[PDB]
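Dropping the structure in here first, questions after.
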Amino acid sequence: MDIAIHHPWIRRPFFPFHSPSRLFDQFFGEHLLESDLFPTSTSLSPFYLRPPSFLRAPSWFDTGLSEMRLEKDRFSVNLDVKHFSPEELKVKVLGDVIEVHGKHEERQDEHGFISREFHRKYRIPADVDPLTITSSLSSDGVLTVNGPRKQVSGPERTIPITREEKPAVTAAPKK
Amino acid sequence: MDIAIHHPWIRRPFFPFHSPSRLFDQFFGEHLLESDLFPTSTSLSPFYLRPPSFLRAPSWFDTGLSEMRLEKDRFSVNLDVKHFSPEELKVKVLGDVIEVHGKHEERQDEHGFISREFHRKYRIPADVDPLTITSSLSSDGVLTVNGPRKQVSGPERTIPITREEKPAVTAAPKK
Amino acid sequence: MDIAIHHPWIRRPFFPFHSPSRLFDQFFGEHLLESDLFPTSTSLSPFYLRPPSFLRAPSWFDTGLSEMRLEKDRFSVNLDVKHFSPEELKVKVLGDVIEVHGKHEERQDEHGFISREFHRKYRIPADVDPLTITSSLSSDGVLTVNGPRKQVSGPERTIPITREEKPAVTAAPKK
Amino acid sequence: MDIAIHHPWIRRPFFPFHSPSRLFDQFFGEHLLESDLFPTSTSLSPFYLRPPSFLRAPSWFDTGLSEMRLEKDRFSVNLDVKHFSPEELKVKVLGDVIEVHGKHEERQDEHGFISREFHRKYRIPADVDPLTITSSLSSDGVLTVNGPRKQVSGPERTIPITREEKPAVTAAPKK
Amino acid sequence: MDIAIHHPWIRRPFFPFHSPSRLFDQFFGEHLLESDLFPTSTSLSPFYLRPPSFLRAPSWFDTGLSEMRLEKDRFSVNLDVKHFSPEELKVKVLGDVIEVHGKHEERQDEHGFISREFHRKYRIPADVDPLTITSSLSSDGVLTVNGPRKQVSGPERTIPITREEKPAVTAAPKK
Amino acid sequence: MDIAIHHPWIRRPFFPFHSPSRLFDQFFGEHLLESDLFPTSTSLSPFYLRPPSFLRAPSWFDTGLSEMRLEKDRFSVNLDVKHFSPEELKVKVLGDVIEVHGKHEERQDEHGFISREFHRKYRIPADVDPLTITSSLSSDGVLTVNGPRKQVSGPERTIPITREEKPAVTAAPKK
């Protein structure tokens, strides 16, 4: 459905040299372009590219915490229930949705119990994943989801595909 | 020049998925309405491998690595589904449980429909934290949950005061 | 009209080697890609390709019974009039149509003659040709049309173009 | 590497036919509705030569070879049309006759229409068999009938018991 | 708006040599096509092309009266007011329009003045420019606009962009 | 072969203007309705620099050369506009005056519209002749009028008998 590719992040790591295409050629072999080595920009072939430095060059700030890879944007979405302690907050992440449940009792009574509760949530299959986003909090009951952000809006639909291996699951805008 | 080559991967990006036209229409260019489709041809210019499910195709099981992967930032657990595409797959992480649901239509007939399901189900509170364990599928349906086995660390786990309570929160450590 | 190209049969004979593009380069010259030699897959130029082995490699089972060529599927269509001897069958082939006329007399009479006849036929401008299909029979009056099959549905319309020289007149599916 | 080149053909696939947009729209990709057109541009990627009328363009007369080409599997006869496109051309094989009909509109005016025709006509029963002689046009209108001058071999020829009658059927041999 | 490119004039100066692409390669460097040098026809990149001879080769008949450049058609439009001397003609050129004003008095009278006048004009934003067209006349009051003609119909609209530097402002047909 | 390269320009044709899809839709192919769009993509095959405003982008001020450039065929005068696109620009030459008008919408609000204008105006009859001085804008709004400061050469200048009156017409020479 959604027309979407990380075309700037694909172009970026080929260009930082005395040639913007030798960084394909030297990482697919070296200067044996009849035996297939491709001219890059608009004639490209596999991301074979296995010589590890290329997969690290565009963002060593993604750490290299696994392999291939070619890296990612980073962002956060806030599930800030502005009430209670974190003990009252429960969290669940699920494909296309992220949700939290703030579950407090304000007060007990001779008669029973005074519940006050919150259901904060986003449906955002381009931006939050049960995956490339991890999470955190603050003691106000504020739940944060955070990290190397989702960048996939694939025609299939269930796309949490990155085992800390960020491309090819970087293939979208922030949409 | 000095002479080197890799080539066996060059088959992949012609048919990485089934090569539908609506496939490369998602990854060719930019989302405007005059934008054309460039959607598959022995005349495209590349054939390119950069979309999500395509790098995860040579990964296949995505190493399939089910443990050890322990104590660190990058505890990992492999939720197998033996053969299913991503869309029949459906992951969920919820407090002390990680589960994968899979549901495919095997065969269709007359007024009869033949659903197969896979449901690999866990309960591992000491090991899984929905705030920091993160869930990645491969194109064959195999899902790995990865990340630190430690932010919150309580029973549900949900005692998540981690920003400001630190002694009791970490009295259950990387265990 | 009909969108139609033998893209699998075009790709097949470039790939059976230590490089999927050297089998263009070595057959268009050798390693002179500034002077022109093309990277193949999706940047291709003429099928000059005159070094004869390429035109034979995809199907030596088309014999090499003339030259250039690059070869073809094979199939049969059956004009099985299930009656008479072959003497009663006449056959005619004509561009977009193939037809037979079974022309028997069952019996003679004091008063005249008892004809029994059949008019079996197909209109199939993608599948039967006055050309790449030859023919045969069985003694039941069964007429068969057979061989390296038609694979052309061109926008012009009168396409029996292959003088035992199978491409470029392999440029369609079975449609 | 060792250094070799052919180049003079490279002009051809830019304008092999007249280069209409509806041309490369037939031969780029696959027949789906999301499939775009890729229909001609100084931005395609190849220009490619693989469609029927385009390989038959450098053949032109298609060698024009009118005989000898005798006795074998590959007797051949050249039905000339001196100058016509394929669609004004119209071949027919029928028992003991092979014919080509050509019909073009030379010029059009007021309420007047100026047709030219070519009607190269034969009757050669010993030589032509519609069961095994097979008829191939070149882009200039020249049609060669080729193949074995022998399966049936009778007068009309149509005594076609060839599968099971063999002595009398071949008592008229390759003659 | 107007689909329009000088694709023949772009192709012409690459082809007059022992290669249709060495005339990009040798003018963008020489044989370093893993380091970028583009195969031309349908994979092209910048018109960097600064080695001056390429910008002169397609039309030394545009003189080389400034630089880059790659040259242009030539034509004339006639503002033939068929009356007076040139003293009676005034001229004005303005983006999308060219106009003249013939401004005569035929006769004076005891009572006043007998004016006879002409307002001749074209609205032709593809063909006449306040620029690449200069002008001339004949003594019949005939005003001519003439020279290396306008060839731009850009989506912006105010396109007199050529300071005797003819491309890229040759990018249209005569429309 | 001998080894040479230029590359820093290769960024340009990806985003020469803003890279709208309606942009390369004007400059890819041919104006037929079956012609598709080839309108901008990391798949296009080139990215090409050949349209008007794109070669005038590295020219920027278009040298900005305001004089000397004198007496010859190629007197030149630079009508600056400090920053405006071509369409807010609007040139006019009229007898003894050359002028540029520029008019942009700076900012829009509520029911308020904030126009800026640049009006660089001349009167230079001895120097400008609308019959032979010719007016070229750069993409930043800078307009150079160029050409011979001499065909007509009178006061208005308009004494334009130049084809047949020559002594008095040139008694005001290249001055």
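Order as written gives the chain letters A, B, C, D, E and F; numbering starts at 1 within each chain.
Everything that follows uses one rule, which is that a contact is a pair of C-beta atoms (placed from the backbone, for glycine too) under 8 Å apart; a residue touches a chain by one contact, two chains touch by 3 or more.
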Is the C-beta contact count larger for E-F or for D-F?
E-F
Which of these, B-C, B-F or A-C, makes the same contacts as D-E in over half of the contact pairs?
B-C
Farthest chain (mean CA position) relative to chain C:
F
Using the average of all C-alpha atoms in each chain as its centre, how far is it in Å between chain B and chain E?
58
Please tell me the distance, in whole Å, between the geometric centres of chain A and chain E computed from their C-alpha atoms.
52
Nearest whole angstrom, what separates the Cα centre of chain C from the Cα centre of chain D?
12
Please output the residue numbers of chain E that touch at least 2 other chains, ranges allowed.
5, 7, 10, 18-21, 30-33, 35-39, 41-45
Chain A residues within the chain E interface of the complex:
18-22, 25, 31, 33, 37, 39, 41-43
Which chain F residues qualify as touching chain E in the complex?
1-7, 9-10, 12-13, 22-23, 25-31, 35, 45-56, 59, 62-63, 73-74, 85-87, 89-95, 130-132, 134-139, 144, 146-147, 151, 158-164
Considering the complex alone, what residue numbers of chain D touch chain B?
24, 28-30, 32, 34-36, 38, 44-46, 48
Can you name the residues of chain E that touch chain A in the complex?
32-36, 38-39, 43, 45
Can you list the residues on chain C that touch chain B in the complex?
5, 7, 10-11, 15, 18-21, 41-44
